[PDB]
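Read the structure below first, then the notes.
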Amino acid sequence: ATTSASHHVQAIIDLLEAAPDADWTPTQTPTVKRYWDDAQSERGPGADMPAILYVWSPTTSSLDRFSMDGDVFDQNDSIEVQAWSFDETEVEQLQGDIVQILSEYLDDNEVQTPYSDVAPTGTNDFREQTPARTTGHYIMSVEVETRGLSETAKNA
Amino acid sequence: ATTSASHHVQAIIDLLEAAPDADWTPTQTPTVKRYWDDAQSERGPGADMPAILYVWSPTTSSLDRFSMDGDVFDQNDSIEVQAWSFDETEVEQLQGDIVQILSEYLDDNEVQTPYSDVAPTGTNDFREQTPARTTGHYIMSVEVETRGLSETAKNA
Amino acid sequence: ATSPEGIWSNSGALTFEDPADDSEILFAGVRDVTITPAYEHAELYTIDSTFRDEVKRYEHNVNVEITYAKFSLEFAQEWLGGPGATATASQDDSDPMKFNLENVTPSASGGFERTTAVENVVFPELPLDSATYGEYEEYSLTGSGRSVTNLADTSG
Amino acid sequence: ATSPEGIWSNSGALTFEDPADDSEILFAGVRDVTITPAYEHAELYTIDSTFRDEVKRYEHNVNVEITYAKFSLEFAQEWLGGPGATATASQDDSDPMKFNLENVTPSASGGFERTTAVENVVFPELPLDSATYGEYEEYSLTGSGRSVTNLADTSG
Amino acid sequence: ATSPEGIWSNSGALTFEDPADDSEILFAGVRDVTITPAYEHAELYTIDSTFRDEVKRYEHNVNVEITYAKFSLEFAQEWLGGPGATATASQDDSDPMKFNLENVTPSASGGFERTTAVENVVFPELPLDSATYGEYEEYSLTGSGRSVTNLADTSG
Amino acid sequence: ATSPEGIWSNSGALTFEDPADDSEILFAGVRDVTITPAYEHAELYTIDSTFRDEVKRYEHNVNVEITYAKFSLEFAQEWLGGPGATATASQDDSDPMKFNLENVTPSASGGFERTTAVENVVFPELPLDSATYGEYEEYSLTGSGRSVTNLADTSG
Amino acid sequence: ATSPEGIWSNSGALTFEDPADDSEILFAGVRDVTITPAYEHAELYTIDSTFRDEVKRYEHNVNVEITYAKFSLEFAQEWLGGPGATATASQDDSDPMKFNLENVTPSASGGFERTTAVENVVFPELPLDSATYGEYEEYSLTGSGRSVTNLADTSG
Amino acid sequence: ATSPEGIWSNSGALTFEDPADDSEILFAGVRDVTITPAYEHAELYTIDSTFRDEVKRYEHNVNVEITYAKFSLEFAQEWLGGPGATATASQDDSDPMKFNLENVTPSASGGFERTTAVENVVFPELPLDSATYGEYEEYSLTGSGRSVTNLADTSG
Amino acid sequence: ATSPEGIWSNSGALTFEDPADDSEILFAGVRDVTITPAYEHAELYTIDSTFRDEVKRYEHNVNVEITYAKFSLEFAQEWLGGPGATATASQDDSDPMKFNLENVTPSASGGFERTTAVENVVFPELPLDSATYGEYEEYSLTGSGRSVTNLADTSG
Amino acid sequence: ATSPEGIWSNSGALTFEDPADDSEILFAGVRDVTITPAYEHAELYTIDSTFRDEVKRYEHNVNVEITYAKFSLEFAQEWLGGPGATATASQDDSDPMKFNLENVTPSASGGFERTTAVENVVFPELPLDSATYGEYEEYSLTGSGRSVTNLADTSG
């Protein structure tokens with residue numbers, strides 16, 4: 001229903017973009033991007049623009065055998081979402097928001113999503129890394145896992 | 001039947017080359033190569049040419065003892081197939097294609113392949129590595145494993 | 001008939017009911033749910049033949065076993081109180097509390113929706129406390145239903 | 001003669017049939033399958049000798065054990081219904097459902113293909129729900145076939 | 001009603017009382033605590049139906065099991081002494097020491113506080129020394145309470 | 001006498017014979033082989049002494065247990081058929097198939113070569129299928145021989 | 001009364017004594033020491049009530065399980081010799097050697113000092129040799145004493 | 001007195017003797033060796049007291065258990081042959097082979113040398129083949145000695 | 001003729017009738033039902049021969065014994081009242097209550113339906129209360145019927 | 001009429017009364033209770049027929065037997081005393097104490113409440129003491145009532 005994309009990165013982008021404006025804590029809705037939409041020196045928002053979310057798959061998706069039928073793979077998909085802002089409290093609100101938004105869908109039997117399960121499974125803070133002299137991006141992130149049965153065309 | 005290849009790398013090349021022009025998602029059938037067929041400065045397709053798949057064996061193949069008789073090895077092999085294109089949608093579609101191509105043969109009895117099992121076991125996305133500022137190849141891959149009973153010389 | 005399909009566990013909603021009223025008894029937070037109809041089997045053999053002459057079934061019940069992690073004060077006080085009452089202390093009477101129990105579970109693809117219902121489940125023992133330091137409490141139930149009252153596809 | 005040979009488990013195609021109409025009962029997604037013809041053995045010893053004097057066999061049965069991961073509604077409604085019927089609830093009657101089981105499996109080399117077939121398999125207990133949080137459901141059967149009706153090479 | 005809720009084990013406060021004078025017997029440092037009211041169940045079955053015809057309960061007791069790490073001389077000298085007395089050696093008499101046990105535990109959310117209270121707990125065996133080199137001593141109790149005197153929300 | 005020495009398991013060659021003809025029954029691909037002569041022991045004690053007065057042996061047999069991984073269609077059809085016949089289906093008769101069994105094993109340094117021979121091994125139960133998904137089938141036998149007919153150094 | 005407190009195992013000193021003399025029998029090198037007073041419990045139930053009418057204790061003993069790593073030639077020769085003698089061989093007589101046992105253990109903070117004394121400990125079986133290649137020998141004792149003669153705070 | 005001391009397992013020298021001619025039977029390659037003199041204990045209790053009134057020992061034996069990795073034809077052909085004979089096949093007679101067993105072991109410091117000797121050890125079962133692919137053979141014995149003929153320090 | 005066949009006990013329906021009306025008497029819940037027509041036999045022997053000269057029948061009766069677990073007031077009050085009367089207390093009169101009895105059973109494979117009918121069964125004693133702690137009341141009747149009035153296949 | 005129903009033994013409520021006063025005699029703690037009205041039957045047979053010609057009742061009594069675990073001084077002292085008197089010693093007189101007896105039980109599903117009453121029960125022997133080691137004293141009575149004075153449904 002809400003996504004039906006062929007790949008997890010676009011699926012999570014479609015879930016984050018589908019979110020109501022009322023379900024973001026800040027004054028304005030963030031902008032959602034594939035991590036490779038932006039060049040590194042441009043990465044993160046500028047001042048007087050809303051915060052930016054970068055989404056990608058950081059590690060290998062598993063394709064486990066489900067049965068002796070060979071009819072589906074138990075597919076486990078890995079994602080990370082980074083929140084970038086100049087506001088050290090906005091990145092924290094975005095982390096809270098992303099965990100909330102993606103805590104819908106948690107056990108879709110492929111209802112909204114093309115998956116059995118989309119879940120936040122961990123979160124990182126990187127605010128310690130932004131140096132204090134220069135204005136610069138604070139960064140925080142959500143780690144997401146995603147599971148489903150994916151067809152094999154073995155049985156025609 | 002479809003390969004009779006002497007080694008796993010050539011076997012997976014043969015399986016990908018045996019795919020009908022109907023079973024690829026793009027308009028043009030990709031070109032299949034060994035990773036060592038092209039030098040680095042010219043690896044990946046040029047513009048106005050079909051996308052490229054590079055095949056090689058990235059890690060140690062294992063020869064477990066099958067039984068006390070010593071007549072055969074339980075051979076387990078590993079392969080990576082990387083897809084290179086300038087089109088981020090095309091590498092995604094190629095990854096899905098390689099998975100649903102190499103999911104034929106999932107449980108052969110040395111019928112098509114010379115193996116008991118050829119399986120996609122994982123998938124990698126590397127699109128986040130491509131700098132956005134330049135034109136440049138996106139890369140995605142399928143990791144595929146292969147298992148079979150491989151004859152010894154012991155009993156002549 | 002309906003194609004067999006895998007099932008994502010968490011999609012299953014379990015509910016307990018008072019058989020006097022069909023009212024719900026609040027219960028939540030399951031981690032395992034095993035429901036297993038059984039009969040005793042008697043096989044006939046005689047000096048005529050080494051093969052079984054006949055087989056027959058008797059002593060029907062349904063094994064119900066549950067692991068869960070949300071404590072229910074209503075469910076416990078029902079189990080103490082026995083049929084048609086609640087109690088804050090052990091009751092010196094001969095009747096166990098009988099629960100109707102229903103589990104509704106969408107298939108992985110939504111291909112069907114299994115509704116299982118069990119009449120007159122009773123539990124020989126009830127954990128009230130199940131503490132381990134540095135963890136949340138987790139509780140195990142074993143019980144026995146009289147029969148399965150429904151096992152049907154309830155999709156559409 | 002036919003040379004002894006290894007067997008890749010996944011190559012086996014398992015089916016159940018109704019022994020009345022010879023119709024297939026839909027079942028799928030096995031993970032383990034054990035079929036074991038057995039007899040009770042009785043041994044004669046006497047004061048004449050410390051060695052066994054005679055041995056004889058009686059009570060033939062075939063132990064059938066299956067682990068499976070795709071739920072079949074038809075299989076369960078057959079089991080509930082008993083011979084020549086299907087039901088949506090426990091039946092108060094003495095006849096268990098009897099399934100014919102056939103399993104056909106090529107050699108790893110393709111050098112033979114055993115067909116194993118078992119008459120009048122019955123299951124004392126049937127798992128209806130077998131849910132564990134964060135996993136797909138998995139189910140076990142244990143049952144007794146009357147005898148092996150076929151064990152031969154069906155290749156060629 | 002009161003909503004079902006998770007429980008953090010460590011929030012629980014456990015105490016033993018002498019049932020004569022309602023004085024506390026000093027005990028501390030638990031690691032696991034299990035309290036399980038039980039009954040024996042008798043099920044009636046007869047030739048006229050394969051389903052259970054009646055079920056009844058008898059032999060109430062409460063299983064109490066405790067793991068603990070702080071030794072108490074008072075608890076042990078009570079257990080040796082038997083009812084209404086303390087002793088520094090085994091007593092040759094037929095009355096075991098009977099403890100009232102009370103465990104008071106908040107919900108993880110603070111939404112309720114279950115008090116569980118058990119009369120006349122007796123322990124068949126008592127660990128006095130339980131040493132293992134390079135560790136602190138740890139002890140286990142198993143015992144039977146007569147009944148639950150209280151199970152209610154004591155919040156507010 | 002001959003120096004005791006360690007033994008490399010795989011050096012052992014196991015063979016099965018029809019006792020009617022001394023013809024070989026094709027069997028291969030073992031993983032484990034246990035052959036253990038046994039007797040029951042009766043020890044005599046009386047009021048005159050706390051020490052054993054006598055000890056005696058009776059009920060000789062040889063335990064034979066085998067794990068193996070190459071399926072033999074001949075061996076299975078012999079076990080079905082009983083003495084002096086083969087069958088493709090269970091036989092309704094009282095005689096188990098009796099196998100003569102011999103294991104010949106060179107010592108680690110070639111210092112000796114034991115031949116162990118067991119007469120009239122019978123197996124109460126025979127695995128046919130023994131599937132696990134994503135593995136080759138592995139089979140376990142337990143049986144009992146009447147006596148050891150030979151245990152000697154075969155070397156030179 | 002004395003505050004309950006944890007105990008560091010190794011601070012416990014264990015000693016054995018000949019009950020004829022109160023002389024020490026040399027023993028050392030314990031790894032585990034479990035001392036557990038026990039009784040058999042008889043609970044009365046009648047048709048009057050589901051609750052226990054009465055409970056009573058009988059058949060007192062103390063379990064004494066010890067694991068140790070220093071072999072004592074005196075302790076073993078006492079156990080052979082029986083009461084009031086030592087022997088270098090099995091004795092054909094009806095009396096087991098009885099050891100008085102005492103364990104003295106300071107509390108973790110020195111808050112108290114447990115002395116536990118057990119009279120007439122006897123051991124049904126004694127390991128003399130307990131070899132494992134590439135380790136020091138380790139010995140397990142199980143025995144039982146008649147009663148606890150002392151359990152007191154020894155401090156000050 | 002002699003101070004209790006640790007024992008390095010591998011310093012143990014183990015031997016078997018024929019009790020007729022006092023000749024050694026060749027045995028080697030031990031891995032574990034357990035020697036445990038034991039008695040059955042009978043305890044008297046009566047209505048007079050809850051404490052043990054009397055305890056007595058009877059039915060003495062020595063449990064001997066051995067794990068070993070070097071096969072011996074002499075040991076096996078003695079076990080087959082029975083007292084005062086060797087045989088290359090099972091014997092149909094009632095006398096088990098009786099071995100004297102002696103084990104000698106210095107303490108870790110050389111402060112004593114424990115010599116343990118056991119009369120008339122008998123083994124109910126003997127492993128002849130104990131193969132497992134990719135390993136050397138390992139064998140186990142369990143048997144009963146009549147009594148300990150020696151337990152002393154043989155140093156000096 | 002009709003083939004012999006097994007009969008499953010639980011398939012039997014037992015009924016009692018008042019021979020004044022052919023009205024049914026409510027009775028239920030059997031567990032055992034034994035019916036045995038019998039005669040006294042007299043054998044003639046004389047000095048002429050060691051073999052039996054003749055044998056003859058007399059004193060026909062049918063032993064009926066039933067165990068059942070559902071109590072019936074109607075059945076008990078008919079037995080109290082005697083022929084053609086129902087009573088709530090012992091009657092001082094000489095006529096016992098005579099019941100007609102019929103038991104109907106399908107054979108295990110439906111080859112026939114055996115109906116046994118017995119006239120004028122009388123029971124010398126009637127268990128009114130048959131209470132045992134922790135069990136349902138189980139009542140055993142023993143009595144003599146006059147004759148078997150029907151024994152036939154009552155199937156289609 | 002009223003449907004037959006199970007009865008649960010622990011729902012009994014046996015009471016005794018003095019027939020002189022209708023005063024209750026204190027009695028408690030039953031575990032088994034059998035009440036069986038009976039008559040002697042005489043059957044008539046003659047040369048005319050092998051079947052029974054007549055059957056008649058005589059020598060009516062009610063067998064009462066009770067096993068109980070709480071001793072009663074009143075019950076024993078009434079039995080010693082005889083009718084209308086109480087004694088602390090054996091009385092040398094010919095009149096046995098006659099007890100009226102009543103037992104009441106709800107049926108298992110509450111369909112009826114059976115009351116059984118028996119006049120003039122006498123016990124030929126009374127167990128005063130019934131000590132068995134490690135058990136509560138269990139007492140058995142066997143006696144004969146004159147008649148059943150009542151047997152009815154006493155539910156409202």
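Every chain in the structure tokens has a letter given in the order shown (A, B, ...), and although residue numbers restart at 1 in each chain, ligands are simply numbered from 1 in the order shown.
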
| task | Once DSSP has gone over the backbone, tell me which residues of chain D are in alpha helix (DSSP H), as a list in words. | result |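 In chain D, DSSP puts these residues in alpha helix (DSSP H): residues 73, 74, 75, 76, 77, 78, 79, 80 and 81 of chain D.
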
Quick one: write out the picked residues with N, CA and C atoms as a PDB file, in the first residue's frame?
ATOM      1  N   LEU D  73      -3.941 -25.026   6.058  1.00  0.00           N
ATOM      2  CA  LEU D  73      -5.276 -25.091   6.610  1.00  0.00           C
ATOM      3  C   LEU D  73      -5.972 -26.401   6.227  1.00  0.00           C
ATOM      4  N   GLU D  74      -5.776 -26.889   4.995  1.00  0.00           N
ATOM      5  CA  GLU D  74      -6.425 -28.110   4.549  1.00  0.00           C
ATOM      6  C   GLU D  74      -5.956 -29.306   5.378  1.00  0.00           C
ATOM      7  N   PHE D  75      -4.646 -29.421   5.596  1.00  0.00           N
ATOM      8  CA  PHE D  75      -4.084 -30.515   6.377  1.00  0.00           C
ATOM      9  C   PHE D  75      -4.676 -30.576   7.788  1.00  0.00           C
ATOM     10  N   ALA D  76      -4.794 -29.428   8.446  1.00  0.00           N
ATOM     11  CA  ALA D  76      -5.373 -29.364   9.771  1.00  0.00           C
ATOM     12  C   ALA D  76      -6.871 -29.694   9.755  1.00  0.00           C
ATOM     13  N   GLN D  77      -7.635 -29.158   8.812  1.00  0.00           N
ATOM     14  CA  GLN D  77      -9.056 -29.460   8.730  1.00  0.00           C
ATOM     15  C   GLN D  77      -9.349 -30.911   8.335  1.00  0.00           C
ATOM     16  N   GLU D  78      -8.440 -31.582   7.612  1.00  0.00           N
ATOM     17  CA  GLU D  78      -8.480 -33.023   7.413  1.00  0.00           C
ATOM     18  C   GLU D  78      -8.257 -33.749   8.739  1.00  0.00           C
ATOM     19  N   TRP D  79      -7.202 -33.383   9.467  1.00  0.00           N
ATOM     20  CA  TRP D  79      -6.863 -34.018  10.733  1.00  0.00           C
ATOM     21  C   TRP D  79      -8.015 -33.918  11.734  1.00  0.00           C
ATOM     22  N   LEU D  80      -8.655 -32.745  11.824  1.00  0.00           N
ATOM     23  CA  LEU D  80      -9.827 -32.555  12.659  1.00  0.00           C
ATOM     24  C   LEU D  80     -10.994 -33.406  12.181  1.00  0.00           C
ATOM     25  N   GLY D  81     -11.240 -33.427  10.866  1.00  0.00           N
ATOM     26  CA  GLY D  81     -12.411 -34.062  10.284  1.00  0.00           C
ATOM     27  C   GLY D  81     -12.433 -35.587  10.405  1.00  0.00           C
TER      28      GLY D  81
END

| request: Show which residues sit within 8 Å of residue 152 of chain I, as a PyMOL selection string. Count only C-alpha atoms, and ignore same-chain residues fewer than 4 positions away. | output: chain I and resi 113-116

| task | Please identify all polymer residues within 12 Å of residue 153 of chain A, counting only C-alpha atoms, omitting same-chain residues fewer than 4 positions from it, and present them as a PyMOL selection string. | result | (chain A and resi 69-73) or (chain B and resi 23+96-106)

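Separating atom CA of residue 135 of chain G from atom CA of residue 142 of chain H is a distance of 21.2 Å.
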
Test item: residues at most 8 Å from residue 96 of chain J, only C-alpha atoms, excluding those fewer than 3 positions along its chain, as a tab-separated table (two decimals) with C-alpha atoms, in the first residue's frame:
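What follows is the written file around-v4.tsv:
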chain	number	residue	atom	x	y	z
J	79	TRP	CA	-18.75	-46.50	70.07
J	82	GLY	CA	-23.07	-48.10	73.20
J	83	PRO	CA	-26.58	-46.57	72.68
J	122	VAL	CA	-22.93	-50.33	63.44
J	123	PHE	CA	-19.20	-51.05	63.24

| field | Contacts of segment 39-49 of chain C at 9 Å (only C-alpha atoms; same-chain gap of 6+ positions) as number ranges by chain | value | C: 55-62; D: 58-59, 96, 123-125; E: 50; F: 92-94; I: 6

Could you write out that same residue set with C-alpha atoms as a compact mmCIF listing (two decimals), in the first residue's frame?
# COMPACT_ATOMS: atom_id res chain seq x y z
CA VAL C 55 -6.05 -47.59 15.14
CA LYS C 56 -8.46 -45.39 17.13
CA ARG C 57 -8.41 -42.05 19.01
CA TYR C 58 -9.79 -41.08 22.46
CA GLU C 59 -9.15 -38.68 25.42
CA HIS C 60 -9.16 -35.51 23.36
CA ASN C 61 -7.67 -32.29 24.71
CA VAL C 62 -5.84 -29.18 23.49
CA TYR D 58 6.67 -58.07 15.49
CA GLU D 59 4.71 -54.78 15.69
CA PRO D 96 -8.13 -40.58 13.34
CA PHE D 123 -0.68 -38.10 14.03
CA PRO D 124 -1.69 -38.29 17.76
CA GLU D 125 -1.23 -34.53 18.16
CA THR E 50 -13.91 -38.55 23.66
CA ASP F 92 4.42 -59.21 7.17
CA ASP F 93 6.70 -61.94 8.59
CA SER F 94 8.46 -62.76 11.84
CA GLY I 6 -11.78 -55.75 16.29

If you take only C-alpha atoms and a cut-off of 6 Å, which residues of chain C touch chain E, and what are their nearest atom pairs and distances in Å to one decimal, in chain and number order, as CSV?
residue,atom,partner,partner_atom,distance
C:58,CA,E:50,CA,5.0
C:59,CA,E:50,CA,5.1
C:60,CA,E:51,CA,5.1
C:69,CA,E:6,CA,5.8
C:70,CA,E:6,CA,4.2
C:71,CA,E:5,CA,5.4
C:72,CA,E:4,CA,4.5
C:88,CA,E:151,CA,4.8
C:89,CA,E:150,CA,4.9
C:90,CA,E:148,CA,5.1
C:94,CA,E:57,CA,5.0
C:95,CA,E:56,CA,5.0
C:96,CA,E:57,CA,5.9
C:124,CA,E:39,CA,5.4
C:125,CA,E:38,CA,4.0
C:126,CA,E:36,CA,5.5
C:127,CA,E:36,CA,4.1
C:128,CA,E:35,CA,5.6
C:129,CA,E:35,CA,4.9
C:130,CA,E:34,CA,4.4
C:131,CA,E:9,CA,4.9
C:132,CA,E:32,CA,4.4
C:133,CA,E:31,CA,5.1
C:135,CA,E:9,CA,5.9
C:136,CA,E:8,CA,4.3
C:137,CA,E:9,CA,5.6
C:146,CA,E:52,CA,5.8

| task | Quote the spacing between atom CA of residue 136 of chain B and atom CA of residue 40 of chain A in Å to one decimal place. | result | 14.8 Å

| request: With a distance cut-off of 6 Å and only C-alpha atoms, select the neighbouring residues of segment 17-20 of chain E, excluding the residue or stretch itself and same-chain residues fewer than 4 positions from it, and output the selection as a list in words. | output: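 Answer for this query is residues 24, 25, 99 and 100 of chain E.
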
For the selection you just gave me, I'd like the residues written to a file as a CSV table (one decimal), in the first residue's frame, keeping N, CA and C atoms.
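The resulting file, part16.csv, is shown below:
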chain,number,residue,atom,x,y,z
E,24,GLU,N,9.2,-9.4,61.6
E,24,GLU,CA,10.0,-9.8,60.5
E,24,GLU,C,11.1,-10.7,60.9
E,25,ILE,N,11.4,-11.7,60.0
E,25,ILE,CA,12.6,-12.5,60.1
E,25,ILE,C,13.6,-11.9,59.0
E,99,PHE,N,6.8,-19.9,57.7
E,99,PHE,CA,7.0,-18.5,57.5
E,99,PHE,C,5.8,-17.9,56.7
E,100,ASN,N,5.3,-16.8,57.1
E,100,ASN,CA,4.5,-16.0,56.1
E,100,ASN,C,5.5,-15.3,55.2

| message | What are the residues of chain B lining chain D at 7 Å or less? Count only C-alpha atoms, and put the answer as a list in words. | response |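 Using only C-alpha atoms, chain B residues at most 7 Å from chain D: residues 107, 109, 110 and 116 of chain B.
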
| field | Contact set, chain B to chain A: 12 Å, only C-alpha atoms, as number ranges by chain | value | B: 23, 25, 88-108, 117-145

| message | Could you go through chain G and tell me which residues DSSP, when run on the backbone, assigns to strand (DSSP E), listing them as number ranges by chain? | response | G: 5-6, 13-18, 23-25, 30-46, 49-68, 99-106, 113-121, 129-132, 139-145, 147-153

| request: For atom CA of residue 26 of chain F and atom CA of residue 104 of chain D, determine how far apart the two atoms are, in Å to one decimal place. | output: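 Atom-to-atom, atom CA of residue 26 of chain F and atom CA of residue 104 of chain D are spaced 21.5 Å apart.
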